[PDB]
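Novice: Show me the folded form of this:
(4 chains)
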Amino acid sequence: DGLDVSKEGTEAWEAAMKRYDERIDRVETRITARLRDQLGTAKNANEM
Amino acid sequence: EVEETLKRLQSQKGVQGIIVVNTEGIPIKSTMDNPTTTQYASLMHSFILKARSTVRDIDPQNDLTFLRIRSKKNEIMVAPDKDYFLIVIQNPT
Amino acid sequence: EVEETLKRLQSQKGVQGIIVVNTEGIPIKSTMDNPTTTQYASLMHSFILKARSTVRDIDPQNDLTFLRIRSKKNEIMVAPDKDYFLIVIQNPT
Amino acid sequence: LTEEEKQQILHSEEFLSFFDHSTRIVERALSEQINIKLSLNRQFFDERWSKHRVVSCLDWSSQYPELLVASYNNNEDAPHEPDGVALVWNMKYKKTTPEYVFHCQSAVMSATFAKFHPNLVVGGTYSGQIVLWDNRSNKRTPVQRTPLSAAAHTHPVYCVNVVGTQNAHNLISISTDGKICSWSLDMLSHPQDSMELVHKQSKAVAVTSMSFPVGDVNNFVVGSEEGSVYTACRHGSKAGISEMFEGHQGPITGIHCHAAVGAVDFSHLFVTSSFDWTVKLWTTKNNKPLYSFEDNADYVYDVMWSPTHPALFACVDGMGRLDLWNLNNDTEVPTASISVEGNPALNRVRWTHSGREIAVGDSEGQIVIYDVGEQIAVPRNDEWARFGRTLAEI
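Specialist: Numbering: from 1, shown residues only, chains lettered A, B, ... in the order given. Please see the structure below:
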């Protein structure tokens, strides 16, 4: 989508956005999993 | 030029300028510790003269300009022309 | 081995003559004739003893493990360690 | 014969054959062939002179990188035993005892090598008198002692050093009172130049740390006990404190300027070590500390740059661990960090002038010599560019 004026174009853009956010939430799950498995050491710096 | 020879010889590995020893056993040029170089210069003159006699024993038409005095610590490049004995301290590698 | 060593040391450059000298000078082996081999090898032994003294003068633990003379008419090679004194007669080139 | 006719014979023009011979032998002789991690490196712990007697300061000799001076100050086990002992320990050979032993009547607590004299040791003591030690003499007593006058230092002194060229030296020493003074290394009977450091009217400086920038001697940085770092000019119209720095709320326990050269300058940068584990990679040009590395419950006691690495530096900690921060590698975790046995309060760290080995102090007097891995010790050509990029990050 670009300079398109149609609001149905906006809805298609919204579908693209929810797919984008599906990948975004996949990234969130990845980074949170990498988070918790690296946690539990202590509070300082790289630990927390 | 003397300075050109200085800079050309100092380019060689482990060589501090150029030092030349005359027939009197003293180095005509000063580049390192004087007493050690003078005594070892008398020594090189002694054994190069004896090598000259040795070669003239069977080869009375040969001239000496090349000798590879190398040990496990350094190589010594002694080369006499007629009077000016060229000596170079050089690492074996 | 003996013969194989002499053959491989000779054929590498077509050397005019080499004998094995495992003793302190005075070798009985010959490669072209007895005198020019034996007397010259004894003279080489004397001169390399003097050279060993020379290299020990600067520092006694030094020893001469390699020696070559390349003059206008001949090339002489010797690599002494404790008694293995080599002889090579060759053209200067 | 003598060395005069040789000059004319050299100026004599029969040397064409000699030059040809030299050129030929050199060109023929040109060809040359052949004929055929953090680690505890060493230890240094006296027993007669190091029963308790915590370490105070260390140094390496520029002329003899194999030599290190130790300084043990406190004497509490016995009033009768020596109060201040200075021990020099050699690197070339391993011995159970220091190579030479020195005593001062007072408690020696700051010491350094002498640059002009390669056989002299100078140290600062608790009384505030500058203490000399000529290694030529066989006496353990100090050779030359500065008077306890108001002109000289009368308060405890922490920063003593000799700087300048070989033909121009000045013994810069500053005490806790805030007074600076210079001396000639051969004459210390009188202060050759001295004035007390003072900021805006009626504000003294509780000096406890100092470090000259590499090369510069006219200006420098001073670490104060009040946790506020200052830059001072050694000599000039503006001789005195020239910079107010917020620093940290904890007293400064060490300071050092950049100790690397070869690429883009970083000497304006400096490292300060506070009392609350707050080291500040930071430049004199800026007023805000660039970074404030924080961790642990304990705190630093000294911080020293790498003499060769423009990014690595060492840190002290109170529970016995020594950490390395290579900023290019990372800025959040120490690049290398190990703990010495017995969890003692380390007090001094001094990088070897070569930069290949690091010494550390101790709370019991046992000097631990630490060696580092090659990959972590030597920097690269791209190391300087990476350091510049990391500094440009914020």
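
Novice: And for chain B, the residue most distant from the center?
Specialist: residue B:58 (23.8 Å; CA atoms, centre = their mean).

Novice: Grab the most central residue of the chain for me.
Specialist: If you meant another chain, say so; for now it's chain A. Central residue of chain A (CA atoms, centre = their mean): residue A:24, at 2.1 Å.

Novice: right idea, wrong chain: chain D
Specialist: By CA atoms, centre = their mean, chain D has its centre lying nearest to residue D:59, at 5.3 Å.

Novice: Tell me how far it lies from residue D:162.
Specialist: 11 Å (CB to CB, to the nearest Å). From N, CA and C alone the C-beta is placed, and that goes for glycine too.

Novice: which residues do those two both contact?
Specialist: D:112, D:113 (CB atoms under 8 Å, 6 or more residues apart in numbering or on different chains).

Novice: Which positions in the lengthiest helix in chain B come out as buried?
Specialist: The longest helix of chain B (DSSP state H) is helix B:34-58. Burial within helix B:34-58, assessed by neighbour count using 16 or more other CB atoms under 10 Å in any protein chain shown, is assigned to B:37, B:40, B:41, B:43, B:44, B:45, B:47, B:48, B:51, B:54, B:55.

Novice: just stretch D:194-207 next, same as before
Specialist: Result for stretch D:194-207 [16+ other CB under 10 Å]: buried residues D:194, D:197, D:199, D:205, D:206, D:207.

Novice: so what's the closest residue to residue B:55 other than its chain neighbours up against?
Specialist: Closest residue in space to residue B:55, ignoring its immediate chain neighbours: residue B:62 at 5.3 Å, by CB to CB, 6 or more residues apart in numbering or on different chains. Each residue near residue B:62 by CB under 8 Å, 6+ apart is listed here: B:55, B:56, C:71, C:72, C:73, C:74.

Novice: do you know how far the fourth one is from residue D:346?
Specialist: Relative to residue D:346, residue C:72 is positioned 70 Å away (criterion: CB to CB).

Novice: gap between the residue lying closest to residue D:315 once chain neighbours are set aside and chain A?
Specialist: Nearest residue to residue D:315, sequence neighbours excluded (CB to CB, 6+ apart): residue D:323, at 4.9 Å. In this view, residue D:323 and chain A are 12 Å apart by CB to the nearest CB, to the nearest Å.

Novice: One more: residue D:140?
Specialist: On the measure of CB to the nearest CB, residue D:140 and chain A end up 47 Å apart.

Novice: now the strands for chain B?
Specialist: B:19-21, B:68-70, B:75-80, B:85-90 (DSSP state E).

Novice: Can you report how many residues neighbour the residue lying closest to residue D:209 once chain neighbours are set aside?
Specialist: Leaving aside its chain neighbours, residue D:209 sits nearest to residue D:223 (2.6 Å; criterion: CB to CB, 6+ apart). Look at residue D:223: counted by other CB atoms under 10 Å in any protein chain shown, it has 30 neighbours.

Novice: looking at it, residue D:223 is touching residue D:205, isn't it?
Specialist: No. Counting by CB atoms under 8 Å, residue D:223 does not reach residue D:205; the two are 9.8 Å apart.

Novice: sorry, back to before: just give me the closest of the buried residues of helix B:34-58 to residue D:252.
Specialist: Taking CB to CB as the measure, residue D:252 lies nearest residue B:37 of the buried residues of helix B:34-58, at 54.2 Å.

Novice: measure the closest residue to chain B within chain A to residue D:290 for me?
Specialist: Closest residue of chain A to chain B, CB to the nearest CB: residue A:46 (47.1 Å). For residue A:46, the distance to residue D:290 equals 19 Å [CB to CB].

Novice: Do you have the strands of the stretch 101-250 of chain D handy? List them.
Specialist: Along the stretch 101-250 of chain D, counting by DSSP state E, counting those that start in this stretch, strands occupy D:108-113, D:120-125, D:130-134, D:157-163, D:170-175, D:179-182, D:193-196, D:207-211, D:219-224, D:230-233.

Novice: Now tabulate those strands in JSON lines and tack on distance to residue D:24.
Specialist: Formatted as JSON lines, the strands of the stretch 101-250 of chain D follow (distance: least, CB to CB, whole Å):
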{"stretch": "strand D:108-113", "distance to residue D:24": "49"}
{"stretch": "strand D:120-125", "distance to residue D:24": "51"}
{"stretch": "strand D:130-134", "distance to residue D:24": "54"}
{"stretch": "strand D:157-163", "distance to residue D:24": "50"}
{"stretch": "strand D:170-175", "distance to residue D:24": "54"}
{"stretch": "strand D:179-182", "distance to residue D:24": "58"}
{"stretch": "strand D:193-196", "distance to residue D:24": "61"}
{"stretch": "strand D:207-211", "distance to residue D:24": "56"}
{"stretch": "strand D:219-224", "distance to residue D:24": "57"}
{"stretch": "strand D:230-233", "distance to residue D:24": "60"}
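
Novice: picking up where we left off before, which residues does the residue nearest to residue D:315 form beta bridges with?
Specialist: When assigned by DSSP bridges, residue D:323 has beta-bridge partners residue D:315, residue D:337.

Novice: Report the contact partners of it.
Specialist: By CB under 8 Å, 6+ apart, the contact list for residue D:323 reads D:314, D:315, D:317, D:334, D:336, D:337.
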